[PDB]
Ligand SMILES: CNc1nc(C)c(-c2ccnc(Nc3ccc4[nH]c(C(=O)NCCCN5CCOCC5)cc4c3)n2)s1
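Taking the form deposited without the ligand, here's one chain by itself in structure tokens.
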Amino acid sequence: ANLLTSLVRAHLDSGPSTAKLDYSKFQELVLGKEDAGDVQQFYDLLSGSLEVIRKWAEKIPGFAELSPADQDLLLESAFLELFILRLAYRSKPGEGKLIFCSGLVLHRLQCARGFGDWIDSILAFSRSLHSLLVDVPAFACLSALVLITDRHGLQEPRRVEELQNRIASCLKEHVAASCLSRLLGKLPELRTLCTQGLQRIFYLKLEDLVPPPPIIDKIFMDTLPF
């Protein structure tokens, strides 16, 4: 309740006001393979969500009560899933319009060189997500359920499960006020999309036009199970 209110406040504070939106670089008709500028932009757009998602998670009630190690581990493990889910929800797949958490608005063709195919899969997911007409409260719970989840190497797993359970109840409680099971149905498809992001970074690291910035690199390495 106060939980839901807290989760909603943290969500809306973590993104641009419809008025803080910037179309000054938006182009509805532009025209090759990726160059260094496309790869820089890809890393820059990813990097732009790092501090924002960190500050969002600190405002999730209970999140600061977890061990610093479990905090860092949860953030690293969900970063990509969180970037995708939040971009999918904020974006306008009907116009092929990507809206980033800084307020930057770009057409798919303007990011497509950097992201590759993954951008199309993300837009497919955005359309699927948009179709379920998820309200902000539900999404504020969903996004937190993506963060506060079991990962390998948690010190206090029981406490993470506890807090997940609490957020899950706050969500069910709100939805009652199969629809739940279709919301929760989008967490595994989000993990599959996470995989494509790891594939793309792998590929970009191979190609090495521009190296990933240290923090993305660490997320990449620390999130490989092998």
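Here the rigid core means the biggest group of C-alpha atoms that line up within 1.5 Å when the two forms are laid on top of each other. One rule holds for the numbers: they count along the sequence shown, beginning at 1.
- Fitting each structure in 6 other deposited structures of this protein onto the rigid core and averaging C-alpha distances over structures and residues, 183-191 emerges as the more displaced of 155-163 and 183-191.
- Structural divergence in 6 other deposited structures of this protein between 22-30 and 192-200: following superposition by the core, 22-30 has C-alpha atoms lying farther from the shown form.
- Going from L31 to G32, the model skips 1 to 3 deposited residues, which lack coordinates.
- Missing coordinates between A177 and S178 amount to 4 to 9 residues of the deposited sequence.
- Once the C-alpha B-factors are averaged per stretch, 151-159 and 93-101 rank with 151-159 first.
- Taking the mean C-alpha B-factor of each stretch as recorded, 134-142 and 117-125 are not equal, and the higher mean is that of 134-142.
- Sorting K218, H11, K20, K205 by the CA temperature factor given in the entry leaves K20 at the top.
- Across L171, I201, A64, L45, the entry's maximum B-factor at the CA atom is seen for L171.
- In the PDB entry, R182 places in the highest third of its chain by CA B-factor.
- Among the modelled residues of the chain, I53 sits in the lowest third by CA temperature factor in this PDB entry.
- In the deposited entry, the Cα temperature factor of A36 places it in the highest third of its chain's modelled residues.
- Sorting the modelled residues of the chain by their CA temperature factor places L109 in the highest third.
One more form of this protein, deposited with the ligand bound, exists but is not displayed; see below.
- Shown alone here, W118 lies farther than 4.5 Å from the ligand in the deposited complex, counting heavy atoms only.
- Residue contact check for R108: none of its heavy atoms lie within 4.5 Å of the ligand in the deposited complex.
- Contact annotation for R113: none of its heavy atoms lies within 4.5 Å of the ligand in the deposited complex.
- Using a 4.5 angstroms limit between non-hydrogen atoms, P213 is distant from the ligand in the deposited complex.
- Looking at the ligand in the deposited complex, residues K59, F63 and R159 place no heavy atom within 4.5 Å of it.
- Residues of 128-158 lying near the ligand in the deposited complex, listed in sequence order, are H130, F139, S143, the criterion being any heavy atom within 4.5 Å.
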